[PDB]
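Since the structure comes first, as structure tokens, the remarks are kept for the end.
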Amino acid sequence: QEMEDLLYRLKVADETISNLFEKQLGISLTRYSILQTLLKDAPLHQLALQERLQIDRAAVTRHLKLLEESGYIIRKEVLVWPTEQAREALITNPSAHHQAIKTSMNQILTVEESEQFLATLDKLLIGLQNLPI
Amino acid sequence: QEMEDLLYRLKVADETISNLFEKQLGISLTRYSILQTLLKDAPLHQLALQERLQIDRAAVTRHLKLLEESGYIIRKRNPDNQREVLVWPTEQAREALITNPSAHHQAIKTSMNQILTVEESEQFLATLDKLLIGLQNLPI
């Protein structure tokens, strides 16, 4: 009843968030997280990339294919690295628009209300995953 | 990098929830909301549903076609205004969700209602709106 309305509002929020994210940063939310994971701790196997981001094999292959096509990752038992373009685009030399977006996003919520949001999100998922039979 | 992860965790949660909800209740989250809305507030025009659900005409047309084909809704013309079309729930829809739910569906409904308290539920939605408002107000 009220629980169903919370889940639906979360679906509408995700769809709005994902569209806004891709328009402002030029990369989808999922593909942006792939690059963040690679830039922090690379190289990684694509099986490990499926685990860390929680997506199936068919999905990861599609994400990584678009990422290599757009010059952000390279693949050589399949290892995956971020390119120099990715490190520059996200970390060492981002555009003024991306710096202004990134800085503005991190100030939307405080650390307390951000931590409480993720705490409730995990409590919700655990409850839903623990439902009868 | 902290905010970008939260948004991604919110996406993964949504995808996981949507799949679980459809399997557990036998109806997708969006189509289930359409029926809940219709069982409370029918008759409703297709346009009203688009605004309430925050989805375009193509999406609602798909949802309503699926619900109509499976016997959960009907679309009938107003006898006084023949070209006006009104959406209604069926007896099957009221039975499936409210008056004759399967033992499993009743157990899922009750279990879902006791996951989060009313306070942490309302605080979550408040933080969600504050997040949406902030993303909408980003430069350009």
Side-chain angles (χ1 to χ4, degrees), chain A residues 7 10-14 16-51 53-56 58-64 66-92 94 98 101-102 105-106 108-109 111 114-130, chain B residues 1-10 12-23 29 124 127-128 131-132 135:
Chain A
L7 297 173
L10 180 51
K11 190 204 175 203
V12 179
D14 184 35
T16 308
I17 288 167
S18 67
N19 294 1
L20 276 39
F21 192 92
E22 190 171 12
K23 287 188 186 66
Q24 295 288 9
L25 297 300
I27 307 178
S28 75
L29 187 58
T30 302
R31 287 182 285 275
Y32 193 93
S33 299
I34 289 177
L35 297 174
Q36 282 191 143
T37 308
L38 291 163
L39 292 166
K40 184 176 183 296
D41 45 13
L44 301 176
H45 301 283
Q46 92 173 46
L47 71 84
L49 208 60
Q50 288 165 40
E51 291 171 355
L53 282 73
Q54 300 178 326
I55 45 173
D56 64 313
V60 173
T61 300
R62 180 179 162 276
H63 290 295
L64 282 291
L66 292 169
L67 285 167
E68 70 184 344
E69 183 184 350
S70 58
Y72 292 120
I73 64 90
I74 54 179
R75 307 198 300 278
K76 295 287 185 176
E77 300 182 352
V78 179
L79 296 170
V80 184
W81 289 261
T83 63
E84 184 56 32
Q85 178 182 313
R87 188 167 300 283
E88 290 171 3
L90 282 58
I91 306 294
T92 187
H98 297 151
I101 287 288
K102 283 163 49 277
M105 312 203 226
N106 292 310
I108 296 175
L109 297 178
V111 176
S114 180
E115 285 170 355
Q116 184 59 238
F117 184 82
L118 295 173
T120 303
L121 186 67
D122 292 6
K123 186 176 183 182
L124 184 60
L125 283 171
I126 289 292
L128 294 168
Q129 288 172 314
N130 298 351
Chain B
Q1 304 187 27
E2 297 166 321
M3 179 51 68
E4 294 84 352
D5 183 37
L6 175 153
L7 299 176
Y8 183 71
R9 290 171 66 177
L10 196 60
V12 178
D14 183 41
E15 291 181 359
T16 296
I17 289 161
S18 56
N19 298 344
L20 277 47
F21 190 98
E22 191 174 331
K23 290 178 173 48
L29 187 61
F124 182 86
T127 298
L128 187 61
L131 182 57
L132 283 170
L135 289 170

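Just so it is clear, the values below take in all heavy atoms, side chains as well, and ignore hydrogens, waters and symmetry mates. Throughout, protein chains are lettered first and strands after them, A, B, ... in sequence-line order, and every chain is numbered starting at 1.
- Contact of the A:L64 side chain with the A:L49 side chain is registered, since non-hydrogen atoms from C-beta on lie closer than 4.5 Å.
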Checklist entry - Are A:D56 and A:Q50 close enough, and set up right, to give a side-chain contact (heavy atoms from CB on, under 4.5 Å), and what steps lead you there? => result CA-CA 6 Å; A:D56 64 313; A:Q50 288 165 40; 5.9 Å; no
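- Judged by distance alone, the side chain of A:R75 and the main-chain N or O of A:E68 form no donor-acceptor pair under 3.5 Å.
- Annotation: side chain of B:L131 is in contact with side chain of B:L7 (closest heavy-atom distance under 4.5 Å).
- Evaluation of the ring-ring contact (aromatic ring centres under 6.0 Å, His included) rule for B:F21 yields B:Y32 as partners, not counting sequence neighbours.
- The side chain to side chain contact (heavy atoms under 4.5 Å, CB included) check on B:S18 picks up nothing, with sequence neighbours excluded.
- A:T30 is listed as a side-chain neighbour of B:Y8, based on a closest heavy-atom distance under 4.5 Å.
- The side-chain heavy atoms of A:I27 and A:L90, taken from C-beta on, include a pair separated by under 4.5 Å.
- In terms of modelled atom types and a separation under 3.5 Å, the side chain of B:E22 and the main chain of B:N19 share no donor-acceptor contact.
- Taking CD of A:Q116 as the start and CG of A:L121 as the end, the distance is 11.5 Å to the nearest 0.5 Å.
- A heavy-atom distance below 4.5 Å is not found between the side chains of A:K102 and B:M3.
- Heavy-atom contacts from other residues, nucleotides or ligands closer than 6.0 Å to CD of A:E84 number more than 12.
- Contact detail for A:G71 and A:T83: the closest heavy-atom pair is O-OG1, 2.6 Å.
- Residue B:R9 comes nearest to A:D122 through the heavy atom pair NH2-OD2, 3.3 Å, listed as atom of the first residue, atom of the second, then distance.
- Distance check, rounded to the nearest 0.5 Å: CG of B:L29 to CG of B:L20 gives 11.5 Å.
- With contacts defined as side-chain heavy-atom distances shorter than 4.5 Å, the pair A:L25/A:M105 qualifies.
- Partners of A:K123 according to the salt bridge (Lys or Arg N to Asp or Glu O under 4.0 Å) rule, which considers only residues two or more places apart in sequence or in another chain, are B:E120.
- In this structure, the side chain of A:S70 engages the main chain of A:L67 through a donor-acceptor pair within 3.5 Å.
- The environment of B:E2 atom CD is sparse: at most 12 non-hydrogen atoms of other residues, nucleotides or ligands sit within 6.0 angstrom.
- Between the A:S114 side chain and the A:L109 main chain, no donor and acceptor come within less than 3.5 Å of each other.
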